[PDB]
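# Architecture at a glance
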Amino acid sequence: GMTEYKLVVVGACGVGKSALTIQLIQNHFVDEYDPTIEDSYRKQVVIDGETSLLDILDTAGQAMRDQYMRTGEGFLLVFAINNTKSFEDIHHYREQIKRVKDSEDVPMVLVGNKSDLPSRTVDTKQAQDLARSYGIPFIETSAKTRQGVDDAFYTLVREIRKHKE
Ligand SMILES: *CCC(=O)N1CC(NC(=O)Cn2c(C3CC3)c(C(=O)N3CCc4c(cccc4OC)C3)c3cc(Cl)cc(C)c32)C1
Ligand SMILES: Nc1nc2c(ncn2[C@@H]2O[C@H](COP(=O)(O)OP(=O)(O)O)[C@@H](O)[C@H]2O)c(=O)[nH]1
Ligand SMILES: [Ca+2]
Ligand SMILES: [Ca+2]
């Protein structure tokens, strides 16, 4: 009966939801993943000395969403730093989560993915400011280089712990 955390990764098509999830678990960068595959992925982690099982839903669908959202304990809000629309979508993802959870206090982390890319359309400042207003952590990640990937998920677990403690 080990501690489990139900995590849900959300965000627009092509932001790197699958790449982040697979990097975390497999330590491998998928250069392309079938965008129709929605599945749960398991990971055993130790975070600040506490061992736990992560049950991570990598969302892809475009019914049972309400249920995974309802049972989800923490949400990774992923955008890509070279996709302004994906950043604008964040607001709506957050709103839907609050709506179905019927709670203003839901563990979430804002993730700006593709930090390895030489060009970007979303400033760090913009993302930092948004996260500041939401009162949630902001992490820049690269599923390719692995920069910040562990930290993004670990930070989400720490937010879930705070919420429960
Ligand atoms: C290319 C395949 C892929 O990765 N994806 C992600 C995208 N699928 C979803 O976003 C499914 N979805 C929705 C559906 C309307 C799109 C919602 C939702 O109800 N939102 C509220 C309205 C809204 C959202 C995002 C952008 C713009 C919006 O309206 C202006 C979000 C979802 C909420 C969550 Cl928490 C998760 C998911 C998967 C989701 C195809
Ligand atoms: N350069 C770079 N490419 C990435 C990164 N993360 C994902 N990608 C690529 O962007 C595309 C979309 O990634 P994917 O995980 O399928 O996005 P999803 O639709 O959100 O699940 C794929 O070609 C990935 O290889 C990243 O951190 N850096
Ligand atoms: Ca995907
Ligand atoms: Ca907060």
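Its PDB record attributes the structure to X-ray crystallography, giving the resolution as 1.65 Å.

Taken together, 19 residues lie near ligand 2, and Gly 14, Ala 19, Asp 31, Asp 116 and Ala 143 sit nearest. Here an oxygen atom of ligand 2 and a backbone polar atom of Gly 14 are 2.8 Å apart. Contact between ligand 2 and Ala 19: an oxygen atom at 2.8 Å from a main-chain N or O atom of the residue. Considering ligand 2 on its own, with 580 Å² of exposed area, one finds that the protein chains cover 83% of that surface. By residue number, the principal contributor to the shell around ligand 2 is helix α1 (residues 17-26), which donates 3 residues. The class makeup of the residues in the shell around ligand 2 is 9 nonpolar, 5 polar and 5 charged.

Before going further, it helps to examine the side chain of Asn 113. By the element assignment, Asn 113 lies in strand β5 (residues 108-113). Leaving out residues up to four positions away in the same chain, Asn 113 has contacts with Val 15, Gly 16, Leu 20, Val 78, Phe 79, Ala 80, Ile 81, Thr 141, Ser 142 and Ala 143.

It is at 9 Å that the axes of helix α2 (residues 64-71) and helix α3 (residues 84-101) come closest, and there the two elements cross at 80°. The angle between α2 and α3 places the two elements in the roughly perpendicular class. Across from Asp 66, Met 69 and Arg 70 in α2, the residues of α3 making contact are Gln 96, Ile 97, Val 100 and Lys 101. Residue composition of the contact of α2 with α3, grouped by class: 3 nonpolar, 1 polar and 3 charged.

So, about the site of ligand 1. If you check the shell around ligand 1, you find 17 residues, and the closest are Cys 13, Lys 17, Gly 61, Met 69 and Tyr 93. For ligand 1, an oxygen atom lies 2.8 Å from a polar atom in the side chain of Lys 17. Separating a nitrogen atom of ligand 1 from a backbone N or O atom of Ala 60 is a distance of 3.4 Å. For ligand 1, whose free accessible area comes to 800 Å², the fraction covered by protein is 74%. Every element with two or more residues in the shell around ligand 1 is listed here: α2 and α3. Sorting elements by how many residues they give to the shell around ligand 1 places α3 first, with 5 residues. Looking at side-chain class alone, the shell around ligand 1 contains 8 nonpolar, 6 polar and 3 charged residues.

Thresholds applied
- Residues numbered from 1 in each chain as written, not as in the entry; some residues may be left out.
- Chains lettered and ligands numbered in written order.
- Heavy atoms only, no water.
- Near = heavy atom within 4 Å.
- Polar contact = N/O pair within 3.5 Å; in protein donor to acceptor, adjacent residues only side chain to side chain.
- Areas by Shrake-Rupley, 256 points an atom, 1.4 Å probe, with all protein chains shown as cover.
- Helix = DSSP H or I, 4+ residues; strand = E, 2+ residues; numbered from the N terminus.
- Nonpolar A, V, L, I, M, F, W, Y, C, P; charged D, E, K, R; others polar.
- Contact = heavy atoms within 4.5 Å.
- Axes fitted to C-alpha atoms, helices over the stretch in contact; angles between N-to-C directions.
- Parallel < 35°, antiparallel > 145°, perpendicular 65-115°, else oblique.

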